[PDB]
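1. Starting from these lines, generate the structure:
(chains A, B, C, D, E and F, ligands or ions: 6)
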Number of protein chains: 6
Amino acid sequence: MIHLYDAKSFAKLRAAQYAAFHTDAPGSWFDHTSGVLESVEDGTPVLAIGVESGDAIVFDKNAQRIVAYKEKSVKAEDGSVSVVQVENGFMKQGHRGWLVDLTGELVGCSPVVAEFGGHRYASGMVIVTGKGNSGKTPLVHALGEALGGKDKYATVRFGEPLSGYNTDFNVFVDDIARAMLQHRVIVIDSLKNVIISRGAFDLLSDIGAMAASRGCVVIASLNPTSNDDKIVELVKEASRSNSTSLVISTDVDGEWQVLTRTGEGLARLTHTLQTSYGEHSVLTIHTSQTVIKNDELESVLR
Amino acid sequence: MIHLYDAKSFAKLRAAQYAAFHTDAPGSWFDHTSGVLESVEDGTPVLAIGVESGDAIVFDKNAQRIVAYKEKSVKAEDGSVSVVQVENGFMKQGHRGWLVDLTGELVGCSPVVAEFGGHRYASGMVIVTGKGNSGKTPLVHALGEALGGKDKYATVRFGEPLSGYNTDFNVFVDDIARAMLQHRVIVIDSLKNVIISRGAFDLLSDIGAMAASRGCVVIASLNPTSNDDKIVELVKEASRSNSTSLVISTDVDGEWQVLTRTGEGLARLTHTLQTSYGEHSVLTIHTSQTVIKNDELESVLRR
Amino acid sequence: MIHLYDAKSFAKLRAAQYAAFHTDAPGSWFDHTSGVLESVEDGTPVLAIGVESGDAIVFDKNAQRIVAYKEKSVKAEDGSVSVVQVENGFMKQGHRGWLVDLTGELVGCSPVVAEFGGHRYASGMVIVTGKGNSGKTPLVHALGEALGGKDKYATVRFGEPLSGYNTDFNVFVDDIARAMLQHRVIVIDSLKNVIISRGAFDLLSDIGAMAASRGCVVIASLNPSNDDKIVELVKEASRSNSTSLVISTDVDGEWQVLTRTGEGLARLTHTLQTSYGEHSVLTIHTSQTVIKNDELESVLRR
Amino acid sequence: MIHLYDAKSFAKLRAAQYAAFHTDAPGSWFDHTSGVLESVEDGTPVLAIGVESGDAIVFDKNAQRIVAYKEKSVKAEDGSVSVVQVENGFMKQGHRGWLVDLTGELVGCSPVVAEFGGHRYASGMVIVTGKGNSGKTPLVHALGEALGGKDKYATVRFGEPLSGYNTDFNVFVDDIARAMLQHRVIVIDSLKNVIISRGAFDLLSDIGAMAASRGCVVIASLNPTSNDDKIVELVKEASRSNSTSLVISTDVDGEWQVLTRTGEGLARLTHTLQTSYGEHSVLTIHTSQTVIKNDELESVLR
Amino acid sequence: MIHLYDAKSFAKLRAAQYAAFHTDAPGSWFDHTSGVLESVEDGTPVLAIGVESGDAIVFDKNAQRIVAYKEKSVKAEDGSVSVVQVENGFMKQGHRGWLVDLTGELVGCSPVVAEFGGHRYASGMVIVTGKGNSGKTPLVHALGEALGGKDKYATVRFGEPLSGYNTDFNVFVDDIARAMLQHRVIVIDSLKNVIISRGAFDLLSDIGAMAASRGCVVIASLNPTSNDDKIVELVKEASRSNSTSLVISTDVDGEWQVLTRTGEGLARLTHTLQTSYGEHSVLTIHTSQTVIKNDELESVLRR
Amino acid sequence: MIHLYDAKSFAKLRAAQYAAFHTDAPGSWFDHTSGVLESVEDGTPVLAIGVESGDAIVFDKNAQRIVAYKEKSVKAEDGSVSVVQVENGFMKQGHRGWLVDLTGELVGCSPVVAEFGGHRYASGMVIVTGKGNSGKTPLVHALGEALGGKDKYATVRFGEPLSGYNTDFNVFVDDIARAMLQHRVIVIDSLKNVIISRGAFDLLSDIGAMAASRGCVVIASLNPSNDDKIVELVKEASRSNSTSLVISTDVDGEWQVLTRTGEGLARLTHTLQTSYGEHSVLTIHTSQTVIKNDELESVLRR
Ligand SMILES: Nc1ncnc2c1ncn2[C@@H]1O[C@H](COP(=O)(O)CP(=O)(O)OP(=O)(O)O)[C@@H](O)[C@H]1O
Ligand SMILES: Nc1ncnc2c1ncn2[C@@H]1O[C@H](COP(=O)(O)CP(=O)(O)OP(=O)(O)O)[C@@H](O)[C@H]1O
Ligand SMILES: Nc1ncnc2c1ncn2[C@@H]1O[C@H](COP(=O)(O)CP(=O)(O)OP(=O)(O)O)[C@@H](O)[C@H]1O
Ligand SMILES: Nc1ncnc2c1ncn2[C@@H]1O[C@H](COP(=O)(O)CP(=O)(O)OP(=O)(O)O)[C@@H](O)[C@H]1O
Ligand SMILES: Nc1ncnc2c1ncn2[C@@H]1O[C@H](COP(=O)(O)CP(=O)(O)OP(=O)(O)O)[C@@H](O)[C@H]1O
Ligand SMILES: Nc1ncnc2c1ncn2[C@@H]1O[C@H](COP(=O)(O)CP(=O)(O)OP(=O)(O)O)[C@@H](O)[C@H]1O
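-> Residues are numbered from 1 along each chain as shown, chains lettered A, B, ... in the order given. Ligands and ions are numbered 1, 2, ... in the order given. Shown next is the protein structure:
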């Protein structure tokens, strides 16, 4: 819905947005939204996500896909009406994203998902990428472990010529839906095959906001291997604007720069990570706030 | 409809167009068109806007979407007939835009929406853009507040990987329709995701005229930072010709140039704004008439 | 239909074409075709024009749109049959353009629409364009007034972010149809939004011939963007879709008018001076040379 | 159909092909094929041509369009079966082109259509084109007159912003069909608007063979005005390979080079024309065999 | 179907493939496959080829097109099932190409179609092409005559602005189907108009294998004289990989180089031809074994 | 399905992935998955693969295509539901790939398919490619023989102008399905014709994972044309759609083998020598080092 503001209520929102990342307890937003999801009546649609064609499939609070749901209308606070109808497995009426209000008056946040090694990490989508020798798959799994902390992290596998990997996009979004409904920390290997169908475009534009509204983090690897002007700019756009955070490799092997958006038109934060390998190529991130401007960001985006 | 003119009636129109921006009371056009909207019979379609596919959804005066409306014909002054029919939520007959006459004989106006810091601002669409370090989201909200004045301004959120943001285009146009039906000052964050489907193209071409006819201002942020020849020229065209005003960043951080179209084939006006940040990144525009030619405009249009 | 010629009847046509522009009374062709239109039986289709999709809508002599019309066949002089049928608002059978013969044996003309300041102006489409500081919207309205003379000129508004402007292409062609059925002098602001759907392409290719056959003039502004696809389409429309061309020059206020006088005839050029009065109203100052194709192509660069 | 050959019967064909251009009486082939057309039973389809969509409309021997025709099968000499069926104005079964055998065993010819000023001219399509100041519309009409000789030549008008011009492609092909069924010499002004829909592509590939099989000549003007690599190469291909002859302007104003294909894999012939203008821009070709190689042809094709 | 191999049975195949070109009697494969075709039951589909749309039309052993054929299933040796069904003139089930096994265990062959002037020529598709002054149409007819020897060669005409030429693609493939069902030596003039619809793409990819499996040769002219990067690379690909042999003109007028694939991953053979013209432009090839590497091939492929 | 991990269970997986390539008995994974396939109930769908259109055909354990199969739902361990339905030969519900779990908890492996000449070879897809004089078809057959060892290898033929070759894509995928259901070592000649329809794109993205999950190896030849669109698609398929890469070098007869050993594991390189015998039969001469991404990208240029 839309929101009305004056000087006073806008200052309150900016202060609440600041708190969502800087002062709130790591993972609290996730716990809150779980409660919201739990309070929903049984079989009521909570989430819809786009399939390859651009149609959308719909899920309830138990990550069960809904085949049939009679049309129902909900009048929101602003006066706008939300209609939802599902027929033969697909959304007849409604929109893509959260079909129930997870956020209320609190929007444009970057809720804090976890803290690790003296740094706070944002929910939403984190894109792991860059050129050079530093490996992306070992990094996503190490971050997934670290930010999961006490909790296990979920791995969604997609589009690699290795054993057990799904290559069907429609199963991919079904995995992603379920992961976001049930887990705070999610890893995606890999995002290469989506980078084009309507579903693939829908996902790039939908997932960061879906994740941020849930308070979960989706950590996807994206190898920018191609030299093609069409596809390489789509990697830059997804890295710059479709993602909530960006983890990118550097000149020095093992080293990475993390770029975090802290909220709606707020300062973007940067820090550096050191890493090293153990047995069977398991990566560990070494444990032991500065802002970045847009000219620094565009320089890094190469 | 079409309008017939001679030397005498054309001079009258140019003089009335001048008044709409230069002399009329800020926000008066908006108040007028509200009255017009209020006088419409209940459930009668007043506005239609295009969805992703290029179909269109339709609304009444209370920003309520219309599912069913029997075909009805209205004979305008020029002799042209307007037909409107809605079936299963979508427009079967009719056009995109205002389905009732908000403007009458007064066309090509650029109605003054507000005054702030010694400068008058136009209704229609304002595109906020440019390259460099100066931030666009803090600027749209500051302008939204300033031009709202005594009134609150409405925020439509779209296509950012942050909490509570809608990313479905069909909900976006539903938010925009409602905002324009009910508020003088509107902010859009952000216009990146529309910049391509028929709906997205329809919106770029429809919104400025919709806004200007209502006497409300839509203030949209558009980051041009990507470097593809296809998409960058579409940002220039939208900035040059789809927008009623243009707010663009400069070399000096915090500083912006405002370029305003004052009316149908009238002089384009430029002025400069200074800004600074307060607590939690809230931007304030500092408080305390010159024309710009097309070669100056094209020079500025490079970013 | 098709026309058969020998040396003698071809010389007659060239002489009649010469007269249509050079010697006939300004506006006489328009008056003639009005009479033709008036003589048509009531509700009989006279004009069809293409909508966004490439379908076409149809009108009668009173600029009223026709929803239903039973199939009817007309055998022309050459033996060719013209069939017209309208169903549910759209043309089922027939063609785009004038559905009744306005021209007879007299074709490839550039009928003279008006005279002003010692120069004759052609009916058909006039494209107003060029780069630099000289303004196009003030010029189309000044020309519209001047060529209207004793008569008012009709303004069709399209695709500008200003109050009261239509942005729906289907209403645009409905305005244009009506203007051409009822007025000698027509202004279009602006042609930028058509410059792509089938309707938009149909209009660029249809309007000059529609106008020239009626003996009315359509004066459209077209601001010429730096994309190779779109810029060449502006050159083609300026070179070959238009009957006349009005283009700005180095000196502010000054314009060159390039007029096609008929089917494979000499193209004529002259110069205009202009200045502004109050509320930005433009006046054209009151007080025959041919142009070759190498001069034309030189001028066509902007 | 297909044709079987040995050394002896192939030499006979080459000798008969030589005769079709070099020794046969000008216009004889046209007279022959008229007789063939006349001998066909009434209402039997003789010609089908493609409309904008790629569907095709069909005609009988009197250039009357056929709405309905029951499926009929004809067993040719080679054993191949030709099926023709027309329903609701369009071809349900059959092919584009001549639906009856005009040529028999005699194929790959360039039948001589006329003789004028000491030179023989081929039937098929003649494309008139080139850059520079020499005008194309005056030239097509002068050639149309000259090659028509005792007979009038037919003019098909298409896609110019002048009075009486059709701009609907479906009417254009209906005019062309009729012209070819009833006249030896045909002029087309202009071919710019086809140069893209399936019909337009079909026409470029169909018309030369249709014309050559009838023994009529279609003389089309094509202004190569565009500077676009996509469209300019399509003008070169149409000029090189879709046309039977090529008339192209030169450096010297008034002067043209005619390039004629004399038959299936035969020598291409070149000659030069002088021209000048009279009253109301009527062009006269001045009255008072050499082969061209492929490297000379490609040089000229610029 | 698929084929299983070990070292021993693979060596046998390579030796049999060698024989198909090098030692077998010229035209013997064609005679064999005729016998196979003759043994088929009446009206049973033997060949399907793609039309402009990508649908396919089907023929029997007498080159008669089939309108109706009830679904029938055939279990091959490998266990795979071939289903064929024709309805309303078009293939409802089945594939493009030979609908009956012409080849059995002997695959990847390159069967010898004829011998002329001390050189053996392969069945399959021969593309005649190149730039310069040497003419392609006189060459295809001369080769057609020479390789036909005692037998007449069939000419399929397509897409030239000359008398009696078909320009409809659907008739073209009907001519080609019939020619391949009934003749060892076939000429196509010209392949320019296919060089894009699904049928045209299907044909480029289907014809060489169809011809090679029959043991007939299709000799097509392809003028590459146009200069567009999209279309010129498609001429190179068709010349390099869609054709079984390649005949290409050289610097010296009248002279041509023939490049022959002798079999599945075997050595490619090159030789040179001299030619001259007689009466009414009839070309004669003058009468009285070396391998070419891929770098030599790619060098030659530039035109 | 998705998999949950902590530090401990992730280390176990990496150790199991290491074993799948490095320590497990060559071909053991293939033998296991055969057993799995054998245990399936008769006529139950086990594999679906995409046809030219993007629809998919489905097979059972005996490589017999399924025309009809009533909708059936299977609840997996993670809670996700797999639905399969086949109607009129095509998949109505379900996904592309293995329709039964071949891999369980063990995913992202590169199961060892064979050992030959002191080196271990991975299942999945091996792309054989490169520029220069070294021949690809003789190499795929030599590798097919060598890795087959005691077992015969299956050859799928596609898109060459030679006798007995299929050129229909729908038969190609039917051959591939069957080969993978029944054989450990598979050769494909050739992959040029797929390199574009939805099926062709689906296959490039599906085959490596299908093969790796089965524990069979598909060895395809791909000759790399000088078009920027198509050449980058060859690089992407070589870099990321394939499990291993065999590429020719400067020295004739010599090849470099690049092997992915598992999910985000070290890529291994070794060199092969070859020579020809009689009738062009190639023999690979009988008698671990890692490669970095900058070395890989250097090699990827051809
Ligand atoms: N023990 C070890 N020591 C150093 N580097 C290692 C390692 N194990 C794995 N890596 C690194 O991890 C990389 C593999 O991860 P990525 O960079 O994501 C490419 P990928 O995922 O294997 O395939 P892709 O290119 O298709 O995505 C290897 O190239 C290697 O540099
Ligand atoms: N306290 C502060 N001081 C200086 N600049 C600030 C600030 N708070 C916010 N900003 C500026 O606000 C900008 C954020 O808005 P923008 O960059 O214009 C659009 P966005 O929110 O980054 O979406 P995008 O990344 O998809 O473009 C930053 O570039 C930053 O420079
Ligand atoms: N009084 C005045 N003095 C000088 N120039 C004037 C003027 N009034 C108007 N103009 C010129 O006329 C121009 C307006 O017409 P145009 O620019 O050609 C159409 P536009 O308003 O830019 O809409 P567009 O987006 O379709 O181009 C202005 O740029 C201005 O320079
Ligand atoms: N009396 C005369 N003397 C010399 N040249 C003349 C002439 N009358 C006509 N022409 C020539 O004929 C030309 C017109 O024919 P074309 O070259 O075919 C262009 P067009 O047909 O007028 O428009 P197009 O460019 O849309 O096809 C003029 O440009 C002029 O050069
Ligand atoms: N008597 C003769 N002497 C020399 N060359 C001859 C000849 N007769 C014919 N030719 C050659 O045969 C060629 C004609 O065939 P090609 O050019 O290869 C295909 P085409 O018939 O021209 O169709 P295209 O123009 O669509 O390519 C001419 O280029 C010409 O050089
Ligand atoms: N006895 C031999 N000695 C040397 N080289 C041989 C040979 N036998 C075969 N070759 C080489 O192997 C190559 C054949 O395999 P490739 O070229 O890689 C596939 P192709 O036959 O060109 O079909 P393609 O069109 O799919 O590329 C020949 O170019 C040849 O150089």
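
2. Please give the element, helix or strand, for the residue nearest the centre of chain A.
-> In chain A, the centroid-proximal residue (CA atoms, centre = their mean) is residue A:125; its distance is 2.8 Å. Assigned by DSSP states H and E, residue A:125 belongs to strand A:124-129.

3. Ok, residue A:297 next?
-> Counting by DSSP H and E, residue A:297 is part of helix A:294-300.

4. any idea how far that helix is from the chain center?
-> From the chain centre to the centre of helix A:294-300 is a distance of 22 Å (CA atoms, centre = their mean, to the nearest Å).

5. buried ones in that helix?
-> A:294, A:297, A:298, A:300 (16 or more other CB atoms under 10 Å in any protein chain shown). Every residue, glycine included, has its C-beta placed from N, CA and C.

6. How about residues contacting it?
-> Residues external to helix A:294-300 that are found in contact with it (CB atoms under 8 Å, 6 or more residues apart in numbering or on different chains): A:240, A:248, A:257, A:259, A:268, A:270, A:292, B:132, B:133, B:135, B:225.

7. where along chain A do the helices fall?
-> A:7-22, A:28-39, A:136-148, A:169-182, A:198-214, A:229-237, A:294-300 (DSSP state H).

8. Make JSON lines out of those helices and add distance to ligand 1.
-> As requested, the helices of chain A are exported to JSON lines (distance: least, CB to the nearest ligand atom, whole Å):
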{"stretch": "helix A:7-22", "distance to ligand 1": "28"}
{"stretch": "helix A:28-39", "distance to ligand 1": "27"}
{"stretch": "helix A:136-148", "distance to ligand 1": "3"}
{"stretch": "helix A:169-182", "distance to ligand 1": "16"}
{"stretch": "helix A:198-214", "distance to ligand 1": "17"}
{"stretch": "helix A:229-237", "distance to ligand 1": "13"}
{"stretch": "helix A:294-300", "distance to ligand 1": "19"}
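
9. Number of residues surrounding the residue lying closest to residue A:185 once chain neighbours are set aside?
-> Spatial nearest neighbour of residue A:185, excluding adjacent residues (CB to CB, 6 or more residues apart in numbering or on different chains): residue A:153 at 3.8 Å. Counted with other CB atoms under 10 Å in any protein chain shown, the neighbours of residue A:153 add up to 26.

10. now do residue A:178
-> Residue A:178, neighbours per other CB under 10 Å, totals 24.

11. ok, now which ones touch it?
-> Contacts of residue A:178 were listed using CB under 8 Å, 6+ apart, and they are A:59, A:63, F:2, F:78, F:79, F:80.

12. what's the nearest residue to the last one if we skip its chain neighbours?
-> It refers to residue F:80. Residue F:80 sits nearest to residue F:1 (CB to CB, 6+ apart), 5.4 Å away.

13. Then the fourth one?
-> Of all residues not flanking residue F:78 in the chain, residue F:1 sits nearest, at 4.1 Å (CB to CB, 6+ apart).

14. now swap in the fifth one and tell me
-> Leaving aside its sequence neighbours, residue F:79 sits nearest to residue A:63 (CB to CB, 6+ apart; 6.4 Å).

15. Just confirm the one you found contacts residue A:176, I think it does.
-> No: Residue A:63 lies out of contact with residue A:176 (CB atoms under 8 Å); the separation is 10.6 Å.

16. Neighbour count: the two, which is higher?
-> For the pair residue A:63 and residue A:176, the greater number of neighbours falls to residue A:176 (24 against 19), based on other CB under 10 Å.

17. Tell me who's in contact with the nearest residue to the more buried one once chain neighbours are set aside.
-> Taking CB to CB, 6+ apart, and ignoring the residues beside it in sequence, residue A:176 has residue A:156 as its nearest neighbour in space, at 5.8 Å. Counting by CB under 8 Å, 6+ apart, residue A:156 touches A:172, A:175, A:176, A:179, A:186, A:187, A:188, A:189, F:2.

18. ok, which pair from those residues is furthest apart?
-> Farthest pair in these (CB to CB) is A:172 and A:187. Separation: 13.3 Å.

19. what about those two, which has more around it?
-> Looking at residue A:172 and residue A:187 with other CB under 10 Å, you find the greater number of neighbours at residue A:187, namely 29 against 26.

20. coming back round to it: can you turn the buried part of the contacts of residue A:178 into a ChimeraX selection?
-> Only the buried entries of those go into this ChimeraX selection, using 16+ other CB under 10 Å:
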select /A:59,63 /F:2,78,80
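
21. Contacts only, for the one residue in the stretch 51-200 of chain A that gets nearest to chain F.
-> For the stretch 51-200 of chain A and chain F, the shortest gap (CB to the nearest CB) falls at residue A:161, measuring 2.4 Å. Counting by CB under 8 Å, 6+ apart, residue A:161 touches F:124, F:125, F:207, F:208, F:209, F:211, F:212, F:240, F:241, F:242, F:243, F:260.

22. Next, count neighbours for residue A:256.
-> Applying other CB under 10 Å, I find that residue A:256 has 21 neighbouring residues.

23. how's chain A carved up into domains?
-> Domain assignment for chain A by curated CATH domains gives A:6-41+A:104-302, A:42-103.

24. which one of these is the most hemmed in?
-> With neighbours defined as mean count of other CB atoms under 10 Å in any protein chain shown, the domains of chain A peak in mean count at domain A:6-41+A:104-302, which reaches a mean of 20.

25. Relative to the whole chain's centre, how far out is that one?
-> Per CA atoms, centre = their mean, the centroid offset for domain A:6-41+A:104-302 relative to its chain is 5 Å.

26. what's the first-to-last distance across that domain?
-> With CA to CA, to the nearest Å applied, domain A:6-41+A:104-302 spans 39 Å between its terminal residues.

27. Right, and ligand 1 sits closest to which residue of the stretch 101-250 of chain A?
-> residue A:135 (2.5 Å; CB to the nearest ligand atom).

28. now the closest residue in space to that residue that isn't next to it in sequence: how far from chain C?
-> Among residues not flanking residue A:135 along the chain, residue F:264 sits closest, at 6.1 Å (CB to CB, 6+ apart). To chain C, residue F:264 is 43 Å away according to CB to the nearest CB, to the nearest Å.

29. ditto for residue A:58
-> Relative to chain C, residue A:58 is positioned 32 Å away (criterion: CB to the nearest CB).

30. Would you confirm that that residue contacts residue A:48?
-> Yes: between residue A:58 and residue A:48 there is a contact under CB under 8 Å: 4.5 Å.

31. Identify the contacts common to the two.
-> Counting by CB under 8 Å, 6+ apart, the common neighbours of residue A:58 and residue A:48 are A:91, A:94, A:99.

32. now these as a markdown table including distance to chain C?
-> Listed next are the shared contacts of residue A:58 and residue A:48 as a markdown table, based on distance: CB to the nearest CB, whole Å:
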| residue | distance to chain C |
| --- | --- |
| A:91 | 27 |
| A:94 | 27 |
| A:99 | 32 |
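
33. mind listing which of the residues you listed are in strands?
-> residue A:91 (DSSP state E).

34. Next, the contact list for the spatially closest residue to residue A:20 that is not a sequence neighbour, please.
-> Counting by CB to CB, 6+ apart, residue A:109 is the residue found nearest to residue A:20 once chain neighbours are left out, at 3.8 Å. When contacts are counted by CB under 8 Å, 6+ apart, residue A:109 touches A:16, A:17, A:20, A:21, A:29, A:103, A:212, A:263, A:264, B:162, B:163, B:164.

35. If residue A:248 is in a bridge, with which residues?
-> Applying DSSP bridges to residue A:248 yields these beta-bridge partners: residue A:129, residue A:257.

36. I'd guessed it sits against residue A:259; true?
-> Yes: between residue A:248 and residue A:259 there is a contact at 7.2 Å, judged by CB under 8 Å.

37. what's near enough to touch residue A:100?
-> By CB under 8 Å, 6+ apart, the neighbours of residue A:100 are A:36, A:37, A:40, A:44, A:46.

38. Just read off the phi/psi values of the residue nearest to residue A:288 when sequence neighbours are not counted.
-> Spatially, and ignoring its direct neighbours in sequence, residue A:288 is nearest to residue A:117 (7.2 Å; CB to CB, 6+ apart). The phi/psi pair for residue A:117 (degrees, to the nearest 10) reads phi 60, psi 30.
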